[PDB]
């Protein structure tokens, strides 16, 4: 009935006034930490050692500027992020005087700052969060090496920054936008400063701050119980941002207040979110929504956390090892200078070496996984990068994920939630019915990364004679589209109901079939009835896609445009026997696509290489823009994606009122695929594939049923009970302090 696991290996330690360190470990545990660094955590200690040796080799490049105009001129999370790694190094290797002196210098440069806000982001506290949590961690880690002056002066800096963060929690979106990455980030910085002040006897301020952090976070964790698939609606990259602070919260609040969250249902599914979103080769992730090529923070820290405290079977350590060993050193996917060392110290503290690295049993078997809250299907994740080991992904779901969408729309948690005002979906993309395809582990159709929220920056459709007048000429896309130059009045109403849906998803005898429905992402006034997308993976190097657009009889649409992206390589035109197509050149050969509507006509595509506006952190993207005339009421188009190993020799498509047939002959096999117009819940199948001699039926079994998840019972009481846990800790500290004044 509860989200507690009493067996978790985090002892509730009772507080001791003016004892340091205390945050993550005590002084008596340092000796074991040093033993670990030399014996069983050597591979993590070595990452810390190389980070610090890098800083020591160029100290003036890495030290925060004394000059406040230089300190605050740029996004400056690198200061606090790198300080955490440096401070942990000084704990493990106290005999390195040069590193301890650099850490003192580093902290002095930060403590001299009049402000930890970035110059032209006055209303954004995240840079203050990074500086504060790193500074306060270093303060705790290094307390006994500091002078008395530094011990006092640095404490005042922590109190000032923490007090400012507390005051802004009542005046900013992050104080009430639950499960948005800003909220655990800013909360954790406040809690860390609060624990440092609590330990030093400043109980009046630390009580207010602690009570405020727990109230916000405990509410979000109750809401998080409804996310049944372990995912986060902001994607893998921003999700790693969230979990960096969420996992710190769960650890610290248990160690210091005995608030136990380690039986949480979302937490025990979360491994799937990092195991099933990783592409062949363990370097990249599916990169849905605002994302880089993989993760923002960690994820080795979060993975060893899951193994020590949740799974206790060695597959978290195993996945962390795969990612650690395959990380890119230069070029796309390289972790940024600002984020790359941020979680090294918690990875060191949370790694349990007694759980030997053991892969999940299905490792090496291409597996289909459906995230029923996120609305994302993936296939072939976490494979070795090999010929015929392919990745496939598809997204069609509810804005915010099912839990957030349903909470808002059925008015759940009335005491806490008053609509979308309590959630923040600004990092999502107009991307429903999008897909990606990485045959042989070579990215072919990819996501375009962090960028402007334009529909055509995702692998989806736009439609041609818009009723409204937006940007994008007469083209209209999905209802979450934003020109970010003008937001329409009351269009938020239709954006607030954006919704795709995965209708079917099954793997059967090496063939994958996925159907999605995208009507719910487009304005109802275009009288679209069905925006249907069908994926059929006939072979690891042969993917067939069929779109079916059913127009209502009123609708004014005349044309559709489908977009297909590759973020790293531009597309080149091609045509064979009147079949238009595109290809990209990769080192292992050419990857090709060909298309035609079901009358046999294929139009030549338009090609574009786009940068991104100044302020986004990645170059841009390249896409094909395939247009098709909307034939009659029902229109259907087939696209075919080929890896270099396969030689397609016929590609014919013929259909009628109820059926469409796609025939594909290669030099080694023949493939037929039959799809039917209408829905198939109850009276016939979705698709039938005839490979060489095998008959493959995708019937009502592959259908995906929808569920409401029930409101957590007694949700207000859950939060209230947990808020009682920290009061006796404050009371005991007070008694210890009074005990000492008397003596």
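Numbering follows the first chain given and starts at 1.
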Comparing 625-633 with 164-172, which has the greater mean CA B-factor as deposited? 625-633
Compare the mean C-alpha B-factor of 553-561 with that of 428-436 as given in the PDB entry, and name the stretch with the higher value. 553-561
Out of 79, 475, 249, 116, highest CA B-factor residue: 475
Scanning 33, 690, 63, 45 for peak Cα temperature factor in the entry gives 690
Where does residue 26 sit by CA temperature factor within its chain: lowest, middle or highest third? lowest
Sorting the chain's CA B-factors, does residue 587 end up in the lowest, middle or highest third? highest
What third of the chain, by the recorded C-alpha B-factor, contains residue 717? middle
Splitting the chain's C-alpha B-factors into thirds, which one does residue 67 fall into? lowest
Residue 520: C-alpha B-factor third of its chain, per the entry, is the highest
